[PDB]
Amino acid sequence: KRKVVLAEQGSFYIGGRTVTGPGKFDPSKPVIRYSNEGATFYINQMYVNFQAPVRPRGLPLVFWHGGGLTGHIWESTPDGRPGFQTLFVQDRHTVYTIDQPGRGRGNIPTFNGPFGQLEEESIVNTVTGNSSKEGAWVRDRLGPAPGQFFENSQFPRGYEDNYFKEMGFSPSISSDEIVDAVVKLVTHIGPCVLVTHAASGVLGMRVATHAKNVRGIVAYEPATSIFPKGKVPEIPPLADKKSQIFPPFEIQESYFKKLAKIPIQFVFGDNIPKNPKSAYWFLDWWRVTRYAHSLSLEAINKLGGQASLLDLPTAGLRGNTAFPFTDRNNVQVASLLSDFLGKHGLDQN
């Protein structure tokens, strides 16, 4: 269960750019306190960790955390059980886990001055946003309200502190620069599979349209849908009749068509309502967001694709949250991912 044999492991930085302050650096002058004068800063680089089994079988997997998270979520569950990193090294895949730019060991671009500001340039906004425990509780469908759990819960109850401690803010790095870093990683790795989550769902779809080395996508509970430009289908408002889901991302149809060349699976957990739910905003948000994703997958399929929606309850798994890969049944979730990889030969050399 817990044992793991690695041919090699390591980590590295990839992607990013540099920005500079004014003037010249004088090594005779006091270097502390730190100044922007004569300064070169590396910004928006990404952290990558890799673990390779002895004699891997099939393509490397790239696990890409959701919004406000880090590669921790693939390492261990909140109660300390093995994460997908261990499970899939054991399943003989090389496993990459990333901390995207702006998260965890990824770069947070700030300097000497107000957060995110390099002299007169605003690299990222000084004003931040961040979810609360309460917001995240309902966003991840632990239960309909903070403190409550759905009946069928696979959440590791008792480990709420561990769970919410893994979450944090993201600075306003452009999504283009996040996608760019992962495109560079995919170039470095070669043919691979992207395994995405929540906020990284739409970013992974974008990466695949720029990087033919992406041979497959599995997206756990993706947060933003994607459509060809000008072809977003009618999507209803939420039951409060005022709110909307996240504005779907629109890409040129020439790029969207690249999504029809690779197997794509979206995975949803449990307790997404079938009918409008005006008393529970994020439950209703998930209902309409999942609907929008079903239309996105249909558009990919109308273009020759191999896109599918897996609702874990239809596969016999009840009670999953929006983090199925750290829930109590995450070994059974992993088995369904192994099934997808096997079906498309992504577990074969």
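Note that residue numbering follows the sequence shown and begins at 1.
Enquirer: Looking at the entry, does 273 to 281 or 158 to 166 show the higher mean C-alpha B-factor?
Expert: 273 to 281 has the higher mean C-alpha B-factor.
Enquirer: If you average the CA temperature factors over each stretch, which comes out higher, 22 to 30 or 285 to 293?
Expert: Averaged over C-alpha atoms, the B-factors run higher in 22 to 30.
Enquirer: Which one, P82, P236, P222, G102, has the peak C-alpha temperature factor per the PDB entry?
Expert: Highest CA B-factor of the listed options: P236.
Enquirer: Hey, out of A299, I43, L69, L312, whose CA B-factor is highest in the deposited coordinates?
Expert: Reading the PDB entry, the winner on C-alpha B-factor is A299.
Enquirer: Would the CA B-factor of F111 place it in the lowest, middle or highest third of its chain?
Expert: Within its chain, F111 is a middle-third residue by C-alpha B-factor, going by the deposited values.
Enquirer: Report the third (lowest, middle or highest) to which the CA temperature factor of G147 belongs, ranking only the modelled residues of the same chain.
Expert: Answer is middle: the recorded C-alpha B-factor places it there.
Enquirer: Going by the CA temperature factor in the PDB record, which third of the chain does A307 belong to: lowest, middle or highest?
Expert: Ranked within chain, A307 CA B lands in the middle tercile.
Enquirer: Classify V54 as lowest, middle or highest third according to the C-alpha B-factor given in the PDB entry, relative to its own chain.
Expert: As the PDB entry reports it, the C-alpha B-factor of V54 lands in the highest third of its chain.
Enquirer: Mind checking which third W137 falls in for C-alpha B-factor across the chain?
Expert: It belongs to the lowest third of the chain when residues are ordered by C-alpha B-factor.
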